[PDB]
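>>> my complex, first installment, coordinates as in the assembly:
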Amino acid sequence: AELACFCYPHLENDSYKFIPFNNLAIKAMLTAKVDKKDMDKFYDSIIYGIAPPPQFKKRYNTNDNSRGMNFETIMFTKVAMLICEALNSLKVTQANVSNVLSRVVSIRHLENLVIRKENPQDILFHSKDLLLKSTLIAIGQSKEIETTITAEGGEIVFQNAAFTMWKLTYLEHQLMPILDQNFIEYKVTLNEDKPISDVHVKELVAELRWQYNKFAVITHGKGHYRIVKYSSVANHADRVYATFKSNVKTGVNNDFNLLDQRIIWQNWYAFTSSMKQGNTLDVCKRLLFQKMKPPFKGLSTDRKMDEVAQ
Amino acid sequence: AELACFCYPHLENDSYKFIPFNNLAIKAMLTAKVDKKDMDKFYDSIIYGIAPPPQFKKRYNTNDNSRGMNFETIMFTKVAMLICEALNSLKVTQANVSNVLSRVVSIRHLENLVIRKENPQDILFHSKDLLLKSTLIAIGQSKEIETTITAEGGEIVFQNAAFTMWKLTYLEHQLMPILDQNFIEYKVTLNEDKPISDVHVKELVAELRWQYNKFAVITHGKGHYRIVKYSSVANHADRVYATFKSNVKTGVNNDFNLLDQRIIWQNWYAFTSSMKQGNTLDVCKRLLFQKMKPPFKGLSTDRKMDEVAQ
Amino acid sequence: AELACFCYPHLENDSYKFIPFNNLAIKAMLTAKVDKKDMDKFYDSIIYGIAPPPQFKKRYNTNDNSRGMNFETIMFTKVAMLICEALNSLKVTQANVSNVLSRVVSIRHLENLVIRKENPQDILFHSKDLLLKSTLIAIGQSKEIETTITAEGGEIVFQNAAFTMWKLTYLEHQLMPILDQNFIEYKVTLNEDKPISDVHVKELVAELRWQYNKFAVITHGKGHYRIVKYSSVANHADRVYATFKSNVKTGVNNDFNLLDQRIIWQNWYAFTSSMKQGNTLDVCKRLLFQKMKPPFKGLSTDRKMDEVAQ
């Protein structure tokens, strides 16, 4: 959802500060009759403060909407506050406020950061600089790519010198849980944005081939791998291409890290390279479904024999 | 109940301060043998402090009374304290104490204000001036009429530029819950005590005609609308007329805002206008039951067609 | 779903008898690798008997399907048996079996008949002839239209000399419950398939205008009224037109009872009359959304005044 679904701007001393919404103010907005010229303007619920613009009613779950977020949840306030602490660390100026609040962000990403920041074991609990760095990446206001230390988080299921693999815990989320209970997705972040030796690559590929043979190794171009069911990789291609097509239309630059060709699923590397080369959706998406028959041979066999022993 | 059911006066430096009762002191009073000359005097339970006058035993629920209040409830203390903070904001003088404590107030109104004041989202939590303004209206010690910001509260179910509609939550109340579970009443407050444009009136009427077609739009004259089942509007007429008749007998002024004729139910506007003109109960109450066949035509049809679309 | 989702044919003495499936046989089928030439043929699970054709896997809820039926439910067997008792009352011959089993039926309709037949208060519990009549209507193997005595059932919420109004209990169903919890639909059956006096029509219309003002009074042409939210009447038009278009294409006769023009919602009567006259979907569906401004005036006022009294 848009950043304007969690906070409204308030100017103080020629520098903007952002204020979380009260969920009851959102609840009052959802019952409001509003002019068409006011659907983009912030809403005054007399009792509970400012509420998001009524054009955003879709974003909130009501008895009629199940495709929004659970704003009456404590996690909503926590996520909204996390957004505000990041936006207040910037000094957004008047010309930028509407664009920053127009930014679409992953709510599940922001909830997982809250889960990290409130965990005393997690480094994000102890480093406001790292927490702010991670959030600014999450809200698209940072040049840096997500690595392990700044990762969205979840359950660590594999780690080596170069990579950390996370199980995405979206089924347990308070604010915007994924509703299909058949959902499983993993995420492999780089521990350091640096060249990675071949043995650490083999360690990752061997674990993905053995433990996750039913999953595609793909990427959305932002610097980390996504471990995704093969039955859903076609939908990922649609969303990835919609994003790449949007930035060409919107003029904003499309920087797409294809990542390691020896790790990425071959068909996905073909579909993304062809997309980067400027092909149409139909052209490069047909490369997902065509079997290109053609590294690290015997990696699966080595792991299996290590299981037969021990 | 009377304000004396929650607090007793204590003089300090020629200015009165009011003290909430302990519920155990009330419990001791209910078991007390008292002279007739002492039924109006405050009762000394040796152990738990001062208790209300024994003439008020009716007001408290016992195994023999279910038509009083649940004084052994934490909400009793909270409501009593709310009354005291308001009475202490005045400086009631000796001549006035008995009349102020004689004031009959709506307990459900005072409980809903407690619910607002303890909610951090509600403006009453943050403005002691607004909370005191709202309470002084509730206890009949203010000239101003209840508007949205100072409203008794409840669930917001409709809002526009001019009005806020509340669902009265009396079935969930701790202190004096309504016992018929078939009860539903709403309340429409003015956001601002100001002339209201015709479009904002149409928005309200269209919502009441469509969403609340089984409810009468009436008023008790104190500046806001009451959305009331038609099956109970006859009882409202009795209470409204008893009040109007009392003030004529008691000499206190009867100021009765009939409110907008285009919003009020036609029969109720007739019964209240006729009452204001000085007619007997039988005369003006017969106007409730007689069908006067004779605004905003097609408002119900427009809303219905907006539902057929979308 | 198709009748073949509940039973398979077994020939005995040149007359067909139908046998319910075991749900474990269905469970075995859902895990079966099957040739393409065998997707229409009944499946032999060695252990649990015959299973439906693998082309019907969509009809059964699995972890991957939530848009099918809960076949592992006792209600599945009960519904399947109800289908078999009806099909065995016919003597389906070889040429007819595949067409009878191809018939698409409302599962929720069949579950409600089970609910009636197992209720000792219901006449369907006591008359196997009436139960068989009701089921044969439900599975499209009867000339007669559904009336009150043969109705699908549910909760009676209104009744007079001519009509019975049922609340459809689909949210509580075991086999194929409706998942949107915001669902409410009613159904008005004729007590007798006979001309109906004007006073009994007024009684129905007055109750629908007063108690169900937010609902459209429509029909799918099979002889009874459906009380449906205005927000969903557009979807009903799509399904009704798809059915009418199918029978023109499939050559099967389209007999569409428009029912009483004084009861049916005006726009729906226009959309269905125009459909019957042979117009395209776009032509007659635009009549749903256009406000035609133009019986029984003051019916709503009479009911409201009866509430103000008593």
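Thanks, I have it. Numbers count the residues shown, from 1 in each chain, chains lettered A, B, ... in the order given.
>>> Close to chain B: what parts of chain A are there?
A:22-25, A:27-28, A:31-34, A:45-49 (C-beta under 8 Å from any C-beta of the partner chain). Where you see a C-beta, it was placed from the backbone N, CA and C, and this is true even at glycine.
>>> So which bits of the stretch 1-150 of chain A are right by chain C?
When proximity is defined as C-beta under 8 Å from any C-beta, the stretch 1-150 of chain A approaches chain C at A:63, A:64.
>>> The stretch 1-150 of chain A: strands as residue ranges?
A:7-12, A:15-20, A:43-45, A:49-51 (DSSP state E, counting those that start in this stretch).
>>> Kindly report the same for the stretch 201-310 of chain A.
A:215-218, A:225-229.
>>> Output the contacting helices and strands for the first one.
Contacts defined by 3 or more C-beta pairs under 8 Å, 6 or more residues apart in numbering or on different chains; DSSP states H and E place strand A:215-218 against strand A:225-229, helix A:233-250, helix A:266-276.
>>> The same query, at a cut-off of 10 Å, please.
Judged by 3 or more C-beta pairs under 10 Å, 6 or more residues apart in numbering or on different chains; DSSP states H and E, strand A:215-218 is in contact with strand A:185-190, helix A:198-211, strand A:225-229, helix A:233-250, helix A:266-276.
>>> hmm, back to that, in TSV, list the strands of the stretch 1-150 of chain A along with mean neighbour count.
Below are these laid out as TSV (neighbours: other C-beta atoms under 10 Å in any protein chain shown):
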stretch	mean neighbour count
strand A:7-12	15
strand A:15-20	18
strand A:43-45	21
strand A:49-51	21
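>>> Throw those into TSV and include distance to residue C:191, thanks.
As requested, the strands of the stretch 1-150 of chain A are exported to TSV (distance: least, C-beta to C-beta, whole Å):
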stretch	distance to residue C:191
strand A:7-12	59
strand A:15-20	59
strand A:43-45	51
strand A:49-51	51
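>>> extra chain here, label it chain D:
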Amino acid sequence: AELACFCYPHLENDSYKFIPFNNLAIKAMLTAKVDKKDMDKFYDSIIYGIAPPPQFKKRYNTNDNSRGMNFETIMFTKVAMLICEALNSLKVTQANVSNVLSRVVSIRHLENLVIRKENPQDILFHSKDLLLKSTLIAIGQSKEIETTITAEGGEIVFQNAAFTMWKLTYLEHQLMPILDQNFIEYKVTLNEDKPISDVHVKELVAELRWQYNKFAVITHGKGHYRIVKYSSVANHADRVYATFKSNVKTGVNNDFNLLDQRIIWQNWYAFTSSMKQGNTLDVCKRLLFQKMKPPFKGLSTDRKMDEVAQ
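To build on what is shown above, here is chain D added in:
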């Protein structure tokens, strides 16, 4: 455990009938002081009838034994009765009784047959001949091998024209549940003891390679496949070799079906062929751990591409 852990022989008319034990008689035996010469003889608990020989106390779970069976369970009686119905279908003669009761059988196998026989959907519920055939195989008193119809049972997770794959439900068993909760084993039975076409073999291998890539496909020689974790295949080799070594020592014939070489895990086919050829445990077990690098190429790729589509 031995068959004598569930029943004792009782002679009637020169033909033996077997009687289940009462669990309280077993409980009395476990507290009994017994001579050494009587440890093999059946025990008379005065109150609860005959009890198994005290040499079998190991087989029963007590507070000191957790490696036996839960005899105080209703499933014990059910399994014991199942054994007796099978033994009574034979007419065991005096010379044979002690050997038949000496037979060691899989308790989990017998419990799963009880689960099948008490399920009205299962064919074993309806065919006493099939139930007796299945039990006689289970207790080693039949020439025939276990196929699908006579299978031990469990959850069907794959089926085609030639094979049925069962999930072994040992963690949920009442009588002798497997205690490691990390246990998962499957079992592939032949639907018919017959030559099997190559396409039905490919269907099985493709499902095992894709859905069970972390499992070894082995066999214990009795005519069906066992789908077993690679980490436990070494323990299976020990038990398989102990059995093969026992029959050579005990003189009883060792008939070991190696099954299809294109389905069995290559190393297991080598270890079992070498065992059949008469090699020592060390010789043929080293073939499990040595990687022999050398059917049905691209089967895994075809299944994966079918997932990318649909």
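>>> Once more for what packs on strand A:215-218, now including chain D?
Applying 3+ C-beta pairs under 10 Å, 6+ apart, we find strand A:215-218 packed against strand A:185-190, helix A:198-211, strand A:225-229, helix A:233-250, helix A:266-276, helix D:299-308.
>>> would JSON lines of the ones you listed with distance to chain C be doable?
Shown next, in JSON lines, are these (distance: least, C-beta to the nearest C-beta, whole Å):
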{"stretch": "strand A:185-190", "distance to chain C": "16"}
{"stretch": "helix A:198-211", "distance to chain C": "21"}
{"stretch": "strand A:225-229", "distance to chain C": "11"}
{"stretch": "helix A:233-250", "distance to chain C": "15"}
{"stretch": "helix A:266-276", "distance to chain C": "23"}
{"stretch": "helix D:299-308", "distance to chain C": "11"}
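>>> would you turn those into CSV with mean neighbour count?
As requested, the helices and strands packed on strand A:215-218 are exported to CSV (neighbours: other C-beta under 10 Å):
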stretch, mean neighbour count
strand A:185-190, 21
helix A:198-211, 17
strand A:225-229, 21
helix A:233-250, 15
helix A:266-276, 20
helix D:299-308, 16
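>>> would a markdown table of these with distance to residue C:301 be doable?
Shown next, in a markdown table, are those (distance: least, C-beta to C-beta, whole Å):
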| stretch | distance to residue C:301 |
| --- | --- |
| strand A:185-190 | 60 |
| helix A:198-211 | 72 |
| strand A:225-229 | 61 |
| helix A:233-250 | 55 |
| helix A:266-276 | 66 |
| helix D:299-308 | 64 |
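>>> Now do residue A:239 against residue D:268, distance only.
Per C-beta to C-beta, to the nearest Å, residue A:239 is found 44 Å from residue D:268.
>>> Tell me if I'm right that residue A:309 and residue D:289 touch.
Yes - with contact defined as C-beta atoms under 10 Å, residue A:309 counts as touching residue D:289 (5.6 Å).
>>> Compare the two (neighbour count), which wins?
residue D:289 (13 against 10; other C-beta atoms under 10 Å in any protein chain shown).
>>> include chain E as well:
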Amino acid sequence: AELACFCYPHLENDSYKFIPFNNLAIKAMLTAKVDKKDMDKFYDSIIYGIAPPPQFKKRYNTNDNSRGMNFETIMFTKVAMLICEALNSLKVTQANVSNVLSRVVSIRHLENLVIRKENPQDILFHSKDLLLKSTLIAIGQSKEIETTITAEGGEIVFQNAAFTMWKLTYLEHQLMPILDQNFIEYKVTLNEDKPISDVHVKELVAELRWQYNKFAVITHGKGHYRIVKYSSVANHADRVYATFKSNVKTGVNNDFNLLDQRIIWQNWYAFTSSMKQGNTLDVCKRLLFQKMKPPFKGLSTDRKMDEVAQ
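Next up, chain E placed on what we already have:
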């Protein structure tokens, strides 16, 4: 309690049949005003039939009595019926009825027989002759002594060729449970009323010395051992002597089996022998408390060494 607390006599054809009381008839009796001359006569509750004589109110637990029995329990009816089946197996004649109903019996003994008779594993469930034999012993209407097969029952904790040791389950009883929760008593019955070899005696003594070193081995003279805490053996002596003194006063014969001197606790054998010789309570009870320092040496050591091994 007396047998008259469970049944009343009804004459049929010059032979008495006994009828259980209804507990509501007992409840009516407990609230009855009765003449003194009628305190021994059976009570007519008009509604619930005959009730026990009002002189027995002590025997029934009321809010004022906790030292009686829980007659409103299903076990009361079961015990009463068990008494009646035994009394009806006799043909009590007119002269005997009052004496038979005057017999005092152990209610806990009778409840344990009910527990045996309703257990399908127990031989008492299957032999009405054995059940009647056991009950007639329990109600003092049989010459035979309690042995294992006719035992009161409980939990078997030791058994050998000659003895069965029972844990008395009185804390779990429905009708008259022992209320001190610190109660533990065992009972050793003879399997056969026959001379017993020395090895079977050693087996018992070794188990009592090792497993029950804090318990006295005593007897009440009726042919079986009672395993009793040393802290309570003084109370057993009081009750045993009261019984022996009663029969000398009442003239009824005192037959007291001292049982095996090598098993009985030495002091108890002295106290009972001295009582049998006709000494006063003070004389023979002082032998309980005096330490007589003087079989089967090293029995405790052998058992302990068998534990160090294995």
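>>> let's see what packs on strand A:215-218 again after adding chain E.
Using 3+ C-beta pairs under 10 Å, 6+ apart, strand A:215-218 is in contact with strand A:185-190, helix A:198-211, strand A:225-229, helix A:233-250, helix A:266-276, helix D:299-308.
>>> now it, how far from the centre of its chain.
Offset of strand A:215-218 from its chain centre (C-alpha atoms, centre = their mean, to the nearest Å): 17 Å.
>>> The helices and strands packed on strand A:215-218: which one's closest to residue D:70?
For those, the distance to residue D:70 is smallest for helix A:198-211, at 35.2 Å, taking C-beta to C-beta.
>>> what's in contact with the closest one?
A:157-163, A:165, A:186, A:188, A:191, A:196-197, A:215-217, A:225, A:227, A:260, A:262-263, A:265, A:295-296, A:298-304, A:306-307, D:213-214, D:230 (C-beta atoms under 10 Å, 6 or more residues apart in numbering or on different chains).
>>> Measure how that helix sits relative to strand A:225-229, angle-wise.
Per axes from the mean of the first three to the mean of the last three C-alpha atoms, to 10 degrees, the angle that helix A:198-211 makes with strand A:225-229 is 20 degrees.
>>> would you turn the helices and strands packed on strand A:215-218 into CSV with distance to residue D:248?
Compiled in CSV, the helices and strands packed on strand A:215-218 are given as follows (distance: least, C-beta to C-beta, whole Å):
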stretch, distance to residue D:248
strand A:185-190, 50
helix A:198-211, 38
strand A:225-229, 49
helix A:233-250, 53
helix A:266-276, 51
helix D:299-308, 38
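>>> Contact partners for the residue of the stretch 151-300 of chain A found nearest chain D?
Across the stretch 151-300 of chain A, no residue is closer to chain D than residue A:230, which sits at 3.9 Å (C-beta to the nearest C-beta). By C-beta under 10 Å, 6+ apart, the residues touching residue A:230 are A:213-216, A:265, A:267, A:288, D:210, D:303-309.
>>> for residue A:242, same thing?
Residue A:242 neighbours (C-beta under 10 Å, 6+ apart): residue A:281.
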